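A.B. asks: Let me give you the structure first, and then I'll get to my questions.
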Amino acid sequence: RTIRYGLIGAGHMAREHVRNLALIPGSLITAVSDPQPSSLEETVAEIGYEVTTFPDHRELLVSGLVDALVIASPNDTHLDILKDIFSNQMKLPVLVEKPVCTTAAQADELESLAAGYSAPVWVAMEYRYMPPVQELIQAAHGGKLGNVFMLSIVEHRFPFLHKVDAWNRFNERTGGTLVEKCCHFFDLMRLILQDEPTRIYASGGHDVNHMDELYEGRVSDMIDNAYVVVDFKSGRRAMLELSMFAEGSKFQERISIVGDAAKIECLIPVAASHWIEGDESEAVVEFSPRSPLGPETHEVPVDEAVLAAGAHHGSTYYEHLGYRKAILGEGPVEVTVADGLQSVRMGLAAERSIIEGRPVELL
Amino acid sequence: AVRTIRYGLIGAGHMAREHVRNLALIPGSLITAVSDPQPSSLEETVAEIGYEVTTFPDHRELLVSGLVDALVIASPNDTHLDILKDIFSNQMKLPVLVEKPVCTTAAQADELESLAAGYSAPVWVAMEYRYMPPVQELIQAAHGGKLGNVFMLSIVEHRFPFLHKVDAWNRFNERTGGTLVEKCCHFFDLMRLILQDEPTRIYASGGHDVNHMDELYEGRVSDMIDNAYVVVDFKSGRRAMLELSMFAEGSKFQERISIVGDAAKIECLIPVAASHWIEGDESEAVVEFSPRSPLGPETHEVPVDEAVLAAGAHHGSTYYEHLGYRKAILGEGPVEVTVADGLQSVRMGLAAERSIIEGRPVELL
Ligand SMILES: NC(=O)c1ccc[n+]([C@@H]2O[C@H](COP(=O)([O-])OP(=O)(O)OC[C@H]3O[C@@H](n4cnc5c(N)ncnc54)[C@H](O)[C@@H]3O)[C@@H](O)[C@H]2O)c1
Ligand SMILES: NC(=O)c1ccc[n+]([C@@H]2O[C@H](COP(=O)([O-])OP(=O)(O)OC[C@H]3O[C@@H](n4cnc5c(N)ncnc54)[C@H](O)[C@@H]3O)[C@@H](O)[C@H]2O)c1
């Protein structure tokens, strides 16, 4: 059963989508849209076979060429493109890239519109499918840690990469760092702890990065490091640590979950495309029972092709298997617009916390 | 020539016995006097000393005994100020090593602050963690610029519930100052030390979620926190985060400290003390230096002298603390951990406890 995919936005992440679809039988890209032909040229080369291209998504939407959509355009364009999809005579499934939107007003508007749209809308927050992360989720959800109380997430990575039109350098286009980069983490918090946030507090700064990059004399206004503490309805708690100038760290992600029977932790290595050649490491998961003492540690292997197709530890592949099911009406949307909105509202509350030096309540 | 120092110990329990074992490694360290209102404690501690000393049920008799050149206080937290006041009113001007927390309440801190200013002999607050060999490496790297400008300091402690103590003194906030004072003053102090700056704002989320639920004390259950996340902002916009869990004793490494600067990151991992871990699964602490450019992390074990490590449960730190205190007693070095350091550490913990209760940040001066 073949699915005809249309890509709206044909840049870096789009090419990751391409390489992952290439690993899933019945995945045919038929249409790609991007206002920049140098992006289309690069992405079509990556596809490796002929597709129809369009400068504007609206022509793609009425092309008759597609069964399902993927949006990989800049964050602040997601709602506009979604609206055109929602108004289309053909109502198609959409995988829309993270952040689903970038402001509080966008979130409010998207919430009304998506509620009235009849086809699957999946927000492409894929980190839960990283095999190490899946192990932690199953351990937490399956009771192996006892009652869960704490979730720590540490991301230590390189500065935001250069992008088409330098779109990721200003809060006005990204929603802020804690939306652009940390929606994934706020979503993992809700997933792992199976609960809703009530309060968020963050300390953060723009302290290091992009100080030498000028746009009409102006520097990037985005955060490059933060600590965020999130309280939950049930009384569980989570903390996110982010540094966008800690690319020295062999393990880019550390996730720890502490319960009253055990702790579990994973370490996720820097993707091979950004690390030292040859010094390739697997992710590790450590299970640490309170009693009896005796931690268990294991490497978590990922299929070599799956890992090579993306920079997110094989997660994008699993994301597509799930989206495929949603497209064929054989499975649910696992990451919904509601999930995306919570993630964004959490990021937005964190950004406001940083500015105001007060915690921010969520309803 | 070993210079002999006559030490008086006030409080003769668990930590006192660690003090004893450490002094035993330092030539010229003679315990002459030990005070404790509980004879079972004196019996235990004298056996640990291994030679005869004069004992007193009350420190006030020890203070005027003429037997001592220097004091160590290892009594319960809420007694430290009272004992210090007796020392300050004595006309003997004896150096004191007073165990952390230096005090337990805001009113105690205000009072101690005025009184300590008028006392002319060394007062050292016994927050020893800086002398843990791996931690000293991180401090030197940070202070020496190997990380570039320092922005972030993460401290994670994953350990066992508070141990049972004499008179169960450590089960209520009223006696301990709260978990973030009793257990975390060490960490707030390391923050000030490493970042060389003062806190402006503290926010914490924490609870009493797991521990001591089956212990009753005149019908009451322990009111102390057993897990927390604390975020601390500093005048120079550096930031630190403390994560504590008192129910994560399965973790091989009880402490993790990471420091992130604009040139490099450094991290250390401190193993559970051998007296609390599995026999035979002994590991050393590890330090990893991670330069941003070029990529290439450097990892090494940080070995500790075997006798020093065996003498205490704080990775050799107590030994170095005593070498430092010895120097202060002899007028050959400064008090490295002052009453001001203790007060800041306590006030930070106190603010954190209040933050947890009130769900708001707390501003510090
Ligand atoms: N899920 C993940 O792990 C992950 C990783 C990286 C990026 N992303 C997301 O993917 C999206 C794209 O980021 P990127 O790194 O690929 O950026 P990029 O700059 O490489 O590519 C963006 C592309 O969008 C095109 N474009 C700009 N305006 C558009 C519009 N109005 N309609 C259609 N296309 C338009 C640009 O011409 C460019 O080709 C962002 O939302 C980003 O957050 C997700
Ligand atoms: N790493 C460290 O720096 C560290 C570690 C453990 C304990 N401590 C500190 O050491 C102190 C004692 O803790 P511990 O674990 O030894 O407890 P413990 O209960 O084992 O010993 C405390 C002793 O103090 C005695 N005592 C009670 N009231 C007294 C008073 N008014 N004057 C004199 N002695 C009195 C008790 O009888 C008991 O023998 C506390 O301040 C604690 O915070 C520090």
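Every chain in the structure tokens has a letter given in the order shown (A, B, ...), and although residue numbers restart at 1 in each chain, ligands are simply numbered from 1 in the order shown.
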Pick out the residues no farther than 6 Å from ligand 1, counting only C-alpha atoms and all ligand atoms, and list them as a PyMOL selection string.

C.D. replies: chain A and resi 8-14+34-36+39+72-75+77+97-98+124-125+163-164+180

A.B. asks: Taking only C-alpha atoms into account, which residues of chain B are within 6 Å of chain A, as a ChimeraX atom specification?

C.D. replies: /B:249-251,290-292,295

A.B. asks: Just write the chosen residues, N, CA and C atoms, as a PDB file, in the first residue's frame.

C.D. replies:
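Dumped to again.pdb:
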```
ATOM      1  N   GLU B 249      19.294   5.847  46.381  1.00  0.00           N
ATOM      2  CA  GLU B 249      20.499   5.228  46.903  1.00  0.00           C
ATOM      3  C   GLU B 249      20.989   4.099  45.995  1.00  0.00           C
ATOM      4  N   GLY B 250      20.182   3.704  45.001  1.00  0.00           N
ATOM      5  CA  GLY B 250      20.633   2.727  44.023  1.00  0.00           C
ATOM      6  C   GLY B 250      21.697   3.275  43.080  1.00  0.00           C
ATOM      7  N   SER B 251      21.875   4.613  43.046  1.00  0.00           N
ATOM      8  CA  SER B 251      22.822   5.246  42.128  1.00  0.00           C
ATOM      9  C   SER B 251      24.258   4.977  42.573  1.00  0.00           C
ATOM     10  N   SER B 290      35.535  18.464  29.046  1.00  0.00           N
ATOM     11  CA  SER B 290      34.959  18.434  27.704  1.00  0.00           C
ATOM     12  C   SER B 290      35.108  19.784  26.999  1.00  0.00           C
ATOM     13  N   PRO B 291      36.211  19.988  26.239  1.00  0.00           N
ATOM     14  CA  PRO B 291      36.409  21.264  25.550  1.00  0.00           C
ATOM     15  C   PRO B 291      35.413  21.364  24.395  1.00  0.00           C
ATOM     16  N   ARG B 292      34.886  22.573  24.181  1.00  0.00           N
ATOM     17  CA  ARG B 292      34.002  22.809  23.045  1.00  0.00           C
ATOM     18  C   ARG B 292      34.750  22.636  21.719  1.00  0.00           C
ATOM     19  N   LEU B 295      36.798  19.051  19.654  1.00  0.00           N
ATOM     20  CA  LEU B 295      36.093  17.955  20.294  1.00  0.00           C
ATOM     21  C   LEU B 295      37.119  16.934  20.745  1.00  0.00           C
TER      22      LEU B 295
END
```

A.B. asks: Counting only C-alpha atoms and all ligand atoms, which protein, DNA or RNA residues come within 6 Å of ligand 2, given as a list in words?

C.D. replies: residues 10, 11, 12, 13, 14, 15, 16, 36, 37, 38, 41, 74, 75, 76, 77, 79, 99, 100, 101, 126, 127, 165, 166 and 182 of chain B

A.B. asks: Can those selected residues be exported to a file as an mmCIF file, in the first residue's frame so that it contains N, CA and C atoms?

C.D. replies:
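part_17.cif, freshly written:
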```cif
data_model
loop_
_atom_site.group_PDB
_atom_site.id
_atom_site.type_symbol
_atom_site.label_atom_id
_atom_site.label_comp_id
_atom_site.auth_asym_id
_atom_site.auth_seq_id
_atom_site.Cartn_x
_atom_site.Cartn_y
_atom_site.Cartn_z
ATOM 1 N N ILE B 10 32.906 18.623 71.376
ATOM 2 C CA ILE B 10 31.611 18.863 71.995
ATOM 3 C C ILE B 10 30.563 18.190 71.109
ATOM 4 N N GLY B 11 29.915 17.147 71.617
ATOM 5 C CA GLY B 11 29.096 16.266 70.808
ATOM 6 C C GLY B 11 29.964 15.082 70.402
ATOM 7 N N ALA B 12 29.546 13.861 70.737
ATOM 8 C CA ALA B 12 30.407 12.698 70.592
ATOM 9 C C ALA B 12 29.647 11.555 69.924
ATOM 10 N N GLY B 13 29.011 11.870 68.791
ATOM 11 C CA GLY B 13 28.255 10.871 68.043
ATOM 12 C C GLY B 13 28.960 10.437 66.762
ATOM 13 N N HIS B 14 28.162 10.279 65.708
ATOM 14 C CA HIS B 14 28.608 9.738 64.435
ATOM 15 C C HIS B 14 29.693 10.607 63.805
ATOM 16 N N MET B 15 29.400 11.894 63.591
ATOM 17 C CA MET B 15 30.350 12.742 62.887
ATOM 18 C C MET B 15 31.578 12.982 63.768
ATOM 19 N N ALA B 16 31.382 13.069 65.088
ATOM 20 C CA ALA B 16 32.507 13.177 66.017
ATOM 21 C C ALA B 16 33.501 12.032 65.795
ATOM 22 N N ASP B 36 29.397 15.283 75.994
ATOM 23 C CA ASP B 36 28.165 14.769 75.421
ATOM 24 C C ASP B 36 27.218 14.468 76.580
ATOM 25 N N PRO B 37 25.934 14.890 76.532
ATOM 26 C CA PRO B 37 24.975 14.553 77.581
ATOM 27 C C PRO B 37 24.568 13.079 77.646
ATOM 28 N N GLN B 38 25.009 12.272 76.673
ATOM 29 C CA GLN B 38 24.661 10.860 76.614
ATOM 30 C C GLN B 38 25.920 9.999 76.801
ATOM 31 N N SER B 41 27.116 7.563 74.098
ATOM 32 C CA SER B 41 27.863 8.220 73.031
ATOM 33 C C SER B 41 29.326 8.384 73.451
ATOM 34 N N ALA B 74 30.183 18.889 67.200
ATOM 35 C CA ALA B 74 29.512 17.896 66.375
ATOM 36 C C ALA B 74 28.230 17.457 67.067
ATOM 37 N N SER B 75 27.539 18.453 67.648
ATOM 38 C CA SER B 75 26.254 18.261 68.283
ATOM 39 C C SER B 75 25.130 18.504 67.273
ATOM 40 N N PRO B 76 23.844 18.258 67.619
ATOM 41 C CA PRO B 76 22.736 18.526 66.693
ATOM 42 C C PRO B 76 22.649 19.990 66.293
ATOM 43 N N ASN B 77 22.172 20.197 65.066
ATOM 44 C CA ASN B 77 22.219 21.464 64.363
ATOM 45 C C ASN B 77 21.710 22.613 65.235
ATOM 46 N N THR B 79 21.700 23.092 68.271
ATOM 47 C CA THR B 79 22.449 23.384 69.490
ATOM 48 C C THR B 79 23.711 24.196 69.194
ATOM 49 N N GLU B 99 30.301 22.313 63.252
ATOM 50 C CA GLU B 99 29.745 21.525 62.162
ATOM 51 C C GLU B 99 28.630 22.306 61.455
ATOM 52 N N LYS B 100 28.446 21.999 60.181
ATOM 53 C CA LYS B 100 27.346 22.534 59.393
ATOM 54 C C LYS B 100 26.037 21.986 59.938
ATOM 55 N N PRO B 101 24.878 22.577 59.633
ATOM 56 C CA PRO B 101 24.734 24.001 59.349
ATOM 57 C C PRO B 101 25.196 24.779 60.571
ATOM 58 N N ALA B 126 32.350 23.705 59.288
ATOM 59 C CA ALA B 126 32.936 22.452 58.827
ATOM 60 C C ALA B 126 32.214 21.911 57.600
ATOM 61 N N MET B 127 32.164 22.725 56.544
ATOM 62 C CA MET B 127 31.610 22.281 55.278
ATOM 63 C C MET B 127 32.797 21.850 54.428
ATOM 64 N N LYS B 165 19.434 8.775 64.325
ATOM 65 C CA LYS B 165 20.383 9.508 65.147
ATOM 66 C C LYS B 165 19.968 9.452 66.626
ATOM 67 N N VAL B 166 20.864 9.890 67.520
ATOM 68 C CA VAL B 166 20.577 9.970 68.946
ATOM 69 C C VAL B 166 19.408 10.922 69.158
ATOM 70 N N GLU B 182 20.134 21.317 56.348
ATOM 71 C CA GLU B 182 20.869 20.216 56.949
ATOM 72 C C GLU B 182 21.735 19.511 55.905
#
```

A.B. asks: Out of segment 178-270 of chain B, which residues get helix (DSSP H, G or I) from DSSP, as a PyMOL selection string?

C.D. replies: chain B and resi 179-182+185-195

A.B. asks: Filtering to N, CA and C atoms, could you give me those residues as a compact mmCIF listing (two decimals), in the first residue's frame?

C.D. replies:
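Output saved as part.txt:
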```
# COMPACT_ATOMS: atom_id res chain seq x y z
N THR B 179 15.66 20.05 55.29
CA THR B 179 16.58 19.26 54.49
C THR B 179 17.57 20.14 53.71
N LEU B 180 17.09 21.24 53.13
CA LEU B 180 17.94 22.06 52.26
C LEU B 180 18.95 22.87 53.09
N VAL B 181 18.78 22.91 54.41
CA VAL B 181 19.79 23.47 55.29
C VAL B 181 20.72 22.35 55.76
N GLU B 182 20.13 21.32 56.35
CA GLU B 182 20.87 20.22 56.95
C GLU B 182 21.73 19.51 55.91
N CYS B 185 23.29 22.78 52.67
CA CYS B 185 24.17 23.92 52.91
C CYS B 185 25.50 23.71 52.17
N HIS B 186 26.01 22.47 52.14
CA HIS B 186 27.25 22.12 51.47
C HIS B 186 27.22 22.61 50.02
N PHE B 187 26.09 22.37 49.36
CA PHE B 187 25.93 22.65 47.94
C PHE B 187 25.75 24.14 47.69
N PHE B 188 24.99 24.84 48.51
CA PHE B 188 24.85 26.28 48.35
C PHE B 188 26.20 26.98 48.53
N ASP B 189 27.00 26.48 49.48
CA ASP B 189 28.32 27.03 49.72
C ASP B 189 29.22 26.76 48.51
N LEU B 190 29.22 25.53 47.95
CA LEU B 190 29.99 25.23 46.76
C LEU B 190 29.59 26.15 45.60
N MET B 191 28.31 26.51 45.51
CA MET B 191 27.87 27.41 44.47
C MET B 191 28.60 28.74 44.60
N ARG B 192 28.61 29.31 45.83
CA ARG B 192 29.25 30.61 46.03
C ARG B 192 30.74 30.48 45.76
N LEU B 193 31.34 29.37 46.19
CA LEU B 193 32.77 29.17 46.03
C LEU B 193 33.15 29.08 44.56
N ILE B 194 32.48 28.17 43.83
CA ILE B 194 32.81 27.91 42.45
C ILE B 194 32.54 29.15 41.59
N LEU B 195 31.40 29.82 41.76
CA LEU B 195 31.00 30.92 40.89
C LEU B 195 31.57 32.26 41.36
```

A.B. asks: Go ahead and compute the interatomic distance for atom CA of residue 56 of chain A and atom CA of residue 101 of chain A, in Å to one decimal.

C.D. replies: 19.7 Å

A.B. asks: Could you name the residues that touch residue 340 of chain A at 8 Å or less, counting only C-alpha atoms, but leaving out those on the same chain fewer than 6 positions away, as a PyMOL selection string?

C.D. replies: chain A and resi 98-100+123+183+187

A.B. asks: Could the residues in this selection be written to a file with N, CA and C atoms, as a PDB file, in the first residue's frame?

C.D. replies:
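Output file selection_25.pdb follows:
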```pdb
ATOM      1  N   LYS A  98       7.489  20.376  14.767  1.00  0.00           N
ATOM      2  CA  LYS A  98       7.602  21.067  16.042  1.00  0.00           C
ATOM      3  C   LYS A  98       8.029  22.500  15.741  1.00  0.00           C
ATOM      4  N   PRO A  99       8.007  23.409  16.722  1.00  0.00           N
ATOM      5  CA  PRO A  99       6.808  23.853  17.437  1.00  0.00           C
ATOM      6  C   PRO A  99       5.600  23.952  16.511  1.00  0.00           C
ATOM      7  N   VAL A 100       4.448  23.496  16.985  1.00  0.00           N
ATOM      8  CA  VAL A 100       3.262  23.523  16.157  1.00  0.00           C
ATOM      9  C   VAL A 100       2.889  24.985  15.885  1.00  0.00           C
ATOM     10  N   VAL A 123       1.851  16.199  15.372  1.00  0.00           N
ATOM     11  CA  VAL A 123       2.916  17.152  15.612  1.00  0.00           C
ATOM     12  C   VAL A 123       4.212  16.361  15.786  1.00  0.00           C
ATOM     13  N   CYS A 183      10.282  22.435  23.309  1.00  0.00           N
ATOM     14  CA  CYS A 183       8.971  21.816  23.211  1.00  0.00           C
ATOM     15  C   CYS A 183       9.094  20.296  23.341  1.00  0.00           C
ATOM     16  N   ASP A 187       7.053  18.173  26.265  1.00  0.00           N
ATOM     17  CA  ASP A 187       6.174  17.084  25.847  1.00  0.00           C
ATOM     18  C   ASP A 187       6.592  15.767  26.522  1.00  0.00           C
TER      19      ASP A 187
END
```

A.B. asks: As an exercise, work out the distance from atom CA of residue 151 of chain B to atom CA of residue 216 of chain A in Å and give it to one decimal place.

C.D. replies: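 Straight-line distance from atom CA of residue 151 of chain B to atom CA of residue 216 of chain A works out to 28.1 Å.
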
A.B. asks: Atom CA of residue 79 of chain A and atom CA of residue 175 of chain A are how many Å apart?

C.D. replies: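 It comes out at 12.5 Å.
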
A.B. asks: Give me, as a ChimeraX atom specification, all polymer residues having an atom no more than 12 Å from residue 64 of chain A, counting only C-alpha atoms and skipping those fewer than 4 positions away in the same chain.

C.D. replies: /A:4-6,30-31,52,58-60,68,88-92

A.B. asks: Contacts of residue 258 of chain B at 6 Å or less, counting only C-alpha atoms, minus same-chain residues fewer than 6 places along, as number ranges by chain?

C.D. replies: B: 153-154, 266-267

A.B. asks: Out of B:81, B:340, B:68, B:225, which residue has the shortest atom-to-atom distance to residue 117 of chain B when counting only C-alpha atoms?

C.D. replies: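 Once distances to residue 117 of chain B are computed over only C-alpha atoms, the minimum belongs to B:340.
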
A.B. asks: Quick one: residues within 12 Å of residue 281 of chain A, only C-alpha atoms counted, chain neighbours fewer than 2 positions away excluded, as an MDAnalysis selection string?

C.D. replies: chainID A and resid 250:252 267:272 275:279 283:284 299:302 307 313

A.B. asks: Calculated over only C-alpha atoms, which of the candidates B:268, B:216, B:246, B:330 has the smallest distance to residue 136 of chain B?

C.D. replies: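 When distances to residue 136 of chain B are compared using only C-alpha atoms, the smallest one comes from B:268.
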
A.B. asks: Taking the backbone alone, and naming residues the way the document does, which bits of segment 192-240 of chain A are strand (DSSP E) by DSSP, as a ChimeraX atom specification?

C.D. replies: /A:197-205,225-232,237-240

A.B. asks: So which residues touch residue 34 of chain B within 9 Å, counting only C-alpha atoms, skipping near sequence neighbours fewer than 2 positions away, as a ChimeraX atom specification?

C.D. replies: /B:7-12,31-32,36,42,45-46,53-57,59,62

A.B. asks: Given only C-alpha atoms as the basis, pick out the residue of A:254, A:181, A:162, A:144 nearest to residue 213 of chain A.

C.D. replies: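 So, comparing all the options, the nearest one is A:162.
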
A.B. asks: Have a look at A:55, A:296, A:173, A:308 and name the one nearest to residue 252 of chain B; count only C-alpha atoms.

C.D. replies: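 Distance minimum relative to residue 252 of chain B lands on A:296.
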